[PDB]
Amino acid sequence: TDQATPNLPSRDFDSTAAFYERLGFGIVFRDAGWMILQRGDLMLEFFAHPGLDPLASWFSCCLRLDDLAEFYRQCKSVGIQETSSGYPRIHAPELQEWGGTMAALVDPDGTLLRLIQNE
């Protein structure tokens, strides 16, 4: 079926790939400049962006899930730090100003993945 997937930057496909495999994602494809991961219907696509600054990055995306808790349980179990400085880190699910519950995830490359709880 029709569907739009994001394109996120990676300073090293190996690390990226390694980091997402621990969450349930795997490799659907991997070229020298393009890699695709996937966990269930969640599919993310990366591209090489060597000249990127993880601290000045504005890249992000949403992961609207049916069970944010479970998925957050995993991020913790895989050892992602629950700090408020540096990357990668996670912030527990908090009721957002817009009425939705959303947890934050910052991948190895400073990309922000807004974890939202599907309604």
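The first residue of the sequence shown is number 1, and the count goes up from there.
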**Per the entry, higher mean C-alpha B factor between 44 to 52 and 66 to 74** = 66 to 74
**Asked** If you average the Cα B factors in the entry, which is higher, 33 to 41 or 84 to 92?
**Response** 84 to 92
**Complete:** Note to self: of 19, 13, 25, 98, the C-alpha temperature factor tops out at 98
**Prompt:** Thinking about Cα B factors across the chain, which third does residue 104 belong to?
**Reply:** lowest
